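Right, one structure below, let's go through it.
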Amino acid sequence: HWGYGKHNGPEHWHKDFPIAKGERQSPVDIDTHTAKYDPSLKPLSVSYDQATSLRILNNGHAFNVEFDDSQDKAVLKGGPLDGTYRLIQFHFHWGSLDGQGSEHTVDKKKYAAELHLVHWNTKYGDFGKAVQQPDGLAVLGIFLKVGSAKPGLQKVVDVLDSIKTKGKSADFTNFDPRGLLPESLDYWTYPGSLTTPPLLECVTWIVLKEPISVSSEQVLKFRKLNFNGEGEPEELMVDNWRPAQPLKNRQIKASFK
Ligand SMILES: NS(=O)(=O)c1nnc(NC(=O)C2CCCCC2)s1
Ligand SMILES: [Zn+2]
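Going left to right, the sequence shown walks through residues 4 to 125, 127 to 261 as the authors' numbering numbers them.
Here's what the structure looks like:
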């Protein structure tokens with residue numbers, strides 16, 4: 004089964020998921036000088052005030068904070084998006100060292116981690133139908149750098165001990181994802197894919213320019229998670245990031261000059 008090890012990592016995924024070599028794969032390097040400001044891009048509308056988190060799950064590749072997406076409670080609109088996209092979950096990708104961990108890069112710079120807030124286009129009814137559509141998902145990507153702690157992240161950090169191993173979940177209600185956002189909503193956007201199998205080319209990527217800062221202690225707690233299930237040989241959940249993929253016939257657009 005696919006993962007991030009030497010024998011099942013990103014360079015192997017194409018064998019089970021041939022789209023891995025597709026025309027709109029993610030992540031990508033964001034070459035800031037080649038991205039073009041698009042003045043027709045609208046400001047992002049992040050409406051998370053009514054978000055209902057429910058659970059946090061170690062799925063063996065990352066941990067997902069899941070939300071009630073059965074109503075328009077936490078939605079992403081505007082920016083490059085047509086219509087309304089409902090928040091279904093967020094998760095992170097991170098490194099074994101502070102110098103790596105993000106999936107997108109900025110002028111080849113890797114951040115320590117990257118947060119993905121995953122939303123699906125409500127015109128398709130359910131996430132499973134949305135992923136079959138070229139405009140099915142909008143993933144808001146936020147870089148993490150190591151510095152000062154992110155207070156809004158601590159509630160996540162502190163529950164990780166209860167979901168150390170693959171398949172463990174914990175109740176995780178009343179978490180406010182607004183606490184994970186940076187100050188600015190300036191962004192780059194491009195059409196891409198899920199960065200994990202099945203690698204479907206269904207994502208409008210919206211990557212914020214401003215990283216959030218998290219503390220070394222916070223990211224250290226990410227790195228204590230396990231890819232393995234309980235009672236299996238311990239493999240630390242680190243370096244669960246896919247590297248940048250070829251941009252091919254795509255233009256990255258910037259919301260800002
Ligand atoms: N790294 S990423 O591009 O943001 C993503 N790659 N696979 C993603 N799958 C999901 O969100 C779901 C998974 C399981 C059930 C519902 C939704 S999200
Ligand atoms: Zn992700």
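Don't be surprised by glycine CBs; every beta carbon is placed ideally from N, CA and C.
Beta-carbon proximity check, residue i vs residue j, cutoff 7 Å
i, j, result
"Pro186", "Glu221", "no"
"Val161", "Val207", "no"
"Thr193", "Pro46", "no"
"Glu236", "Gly25", "no"
"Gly8", "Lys170", "no"
"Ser197", "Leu203", "yes"
"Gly145", "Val211", "yes"
"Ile59", "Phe176", "yes"
"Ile167", "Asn61", "yes"
"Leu229", "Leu164", "yes"
"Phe179", "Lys159", "yes"
Residue environment, residue i, which counts as buried when at least 16 other CB atoms sit within 10 Å
i, result
"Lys261", "exposed"
"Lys172", "buried"
"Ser56", "buried"
"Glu238", "exposed"
"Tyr191", "buried"
"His36", "exposed"
"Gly98", "buried"
"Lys113", "buried"
"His10", "exposed"
"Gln28", "buried"
"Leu44", "buried"
DSSP-derived helix/strand/coil call for residue i
i, result
"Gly81", "strand"
"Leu100", "coil"
"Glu117", "strand"
"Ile59", "strand"
"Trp5", "coil"
"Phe131", "helix"
"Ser73", "coil"
"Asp162", "helix"
"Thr169", "coil"
"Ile22", "helix"
"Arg89", "strand"
"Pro13", "helix"
"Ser43", "coil"
"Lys154", "coil"
"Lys261", "coil"
"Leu251", "coil"
"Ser105", "coil"
"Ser220", "helix"
"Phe231", "coil"
"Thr37", "coil"
"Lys112", "strand"
"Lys149", "strand"
Own chain residues within Cβ distance below 7 Å of residue i, not counting five before or after
i, result
"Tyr128", "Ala134, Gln137, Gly140"
"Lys76", "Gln53, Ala54, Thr55"
"residue 263", "Residue coverage of the chain in this structure runs from 4 to 261, which leaves residue 263 outside it and unanswerable."
"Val109", "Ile33, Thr35"
Residues near residue i in its chain [Cβ-Cβ closer than 6 Å; skip 5 each side]
i, result
"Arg182", "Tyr51"
"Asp101", "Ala115, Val150"
"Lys80", "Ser48, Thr87"
"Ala258", "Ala38, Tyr40, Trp192"
"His17", "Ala23, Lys24"
"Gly233", "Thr169, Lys170, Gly171"
"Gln103", "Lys113"
"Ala174", "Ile59, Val163, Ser166, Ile167"
Residues of its chain near residue i, where Cβ-Cβ distance is below 8 Å and the 5 sequence neighbours each way are ignored
i, result
"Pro247", "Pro13, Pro30, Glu106"
"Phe95", "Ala65, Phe66, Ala116, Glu117, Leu118, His119, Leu148, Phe226"
"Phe20", "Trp5, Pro201, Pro202, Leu203"
"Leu240", "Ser99, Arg227, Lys228, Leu229, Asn230, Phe231"
Near ligand 3: residue i beta-carbon under 6 Å from a heavy atom
i, result
"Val78", "Of the ligands this structure carries, namely ligand 1 and ligand 2, none is ligand 3."
Closer than 8 Å is the cut-off here; do at least three beta carbon pairs connect the region 48-66 with the region 86-97?
yes
Okay, do the region 246-261 and the region 66-79 touch, 3+ Cβ pairs below 8 Å being the bar?
no
For the pair the region 145-155 and the region 221-241, tell me if three or more CB-CB distances fall below 8 Å.
yes
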